[PDB]
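Just the one chain here, the form deposited in one PDB entry, laid out as structure tokens.
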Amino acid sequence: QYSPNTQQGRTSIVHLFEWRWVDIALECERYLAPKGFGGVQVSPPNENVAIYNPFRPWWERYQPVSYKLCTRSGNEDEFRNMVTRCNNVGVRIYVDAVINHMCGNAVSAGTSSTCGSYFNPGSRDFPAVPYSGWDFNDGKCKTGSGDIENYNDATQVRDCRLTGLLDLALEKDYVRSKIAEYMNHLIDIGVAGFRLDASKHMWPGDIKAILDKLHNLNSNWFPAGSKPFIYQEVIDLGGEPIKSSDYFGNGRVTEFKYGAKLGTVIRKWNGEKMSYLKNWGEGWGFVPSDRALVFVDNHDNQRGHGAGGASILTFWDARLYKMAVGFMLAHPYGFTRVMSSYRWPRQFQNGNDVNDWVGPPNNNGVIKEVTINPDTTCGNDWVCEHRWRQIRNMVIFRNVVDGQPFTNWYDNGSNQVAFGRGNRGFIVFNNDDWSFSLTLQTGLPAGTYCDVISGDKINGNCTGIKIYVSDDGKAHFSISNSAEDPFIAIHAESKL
């Protein structure tokens, strides 16, 4: 559960937040496979509460009603078709499993669900599963409100309701079995792993009991004995009694300190600078690389709903975002997840975005299809960061240098740094307020390389900047602080 059952040579996954099943299946064939992406994290595929006030917010998908594969992304048949086609092209599917809870305790009873299933929060009745009052922690939680009130108390964080969400009694074999039933149905369909949502709100031992009931991946696509890849969402920035290390026995963990610190460093907040990235990784107090799932931003903190503060970089800050993603994809620490989102009307009032609830692009509630423009960009308000030349080429960069050591590091004591990955790739950054022009040792073999950030290598030629590596591995780099993309990356496959 620590290894990504991704195809050999593919090292990243992309989060196609709120994408429809039919759009993902197409993207797997027309883009993801050809460009070397290893997998796709999809939004919760199980039935959720249909919320009309606000109008269909993104977060309604984190309020389960049943485990029926029927949501705004599609039905069960469309979901299976997606997993099959993607798997047939070497692109894995990872499911966002919401298993810590059901929907809000205050939600009105009725059939306001994505598939018409009836449910009654007030009476803890979820017949479509089925679940009853006996399957929740109402009698176990010790707070006066019944909800989590203080994160300094490890017990209520697990036994009480996260912002009102009915908390499942995961200690009960019956509940563990209904969740396993749901997860095993997905595994048998072809899913390669799961993102365990709100893992901090579940005891490590309860998670383990559930994982012990899981099947091995589908033998039609994976080798015998393959275990599903598991990465648990645990926000641990320190200061709390719960540590992400407490979950190492179950699988990988999300390292939120990663995007938070990269954000402050690149923004140059409070005296930080890129030169300090020399010992990036465990040196910064992060969890072991082999237990880490890293990313710059996620669906939560890109809209200020998670943890990380205002330092988090997102597509809104394009120039710096591409640099942050590039550094991440070039550095060997952890398993990388690329974000892919949609645009919403950000409206800041007194320091906060009042429209942080806006759901995916839609027409009367029906999610809009992802349209592709002649320049490979997306329309219908889908950002498609994974399609940006700079990000896509760095995804390939990571594949090419997979396994190579971190070497030939250089820094000017400020914000101009560079490092290589064995003899397969080199990358340089200029985040200072002045130009960079120096000859550095790359460790690469002599030849002419195409800069994969400012261009591509097409039919024997580079469309952008060209780098010349001498016999001794030295190469000259010139990066103006006025350049669109203040960084250059070259690797074994961009050589003429």
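Counting begins at 1, following the sequence as shown. Rigid core here is just the name for the largest C-alpha set that superposes within 1.5 Å across the two forms.
Heads up, the form deposited in another entry isn't pictured, but that's what we're talking about next.
- With the core fitted between this form and the one not shown, just one of 311, 404, 399, 412 shows a Cα displacement of at least 2 Å, namely 311.
- Once the rigid core is overlaid between this form and the one not shown, residue 272 does not reach a Cα shift of 2 Å, moving by less than that.
- With the core held fixed, the Cα of residue 299 is displaced between this form and the one not shown by 2 Å or more.
- Residue 109 shows a C-alpha shift of 2 Å or greater between this form and the one not shown [criterion: core-superposed Cα displacement of 2 Å].
- In the other entry, the Cα atoms of residue 115 and residue 54 sit 3 Å or more nearer to each other than they do here.
- Cα of residue 411 to Cα of residue 308: at least 3 Å longer in the other entry than in the shown structure.
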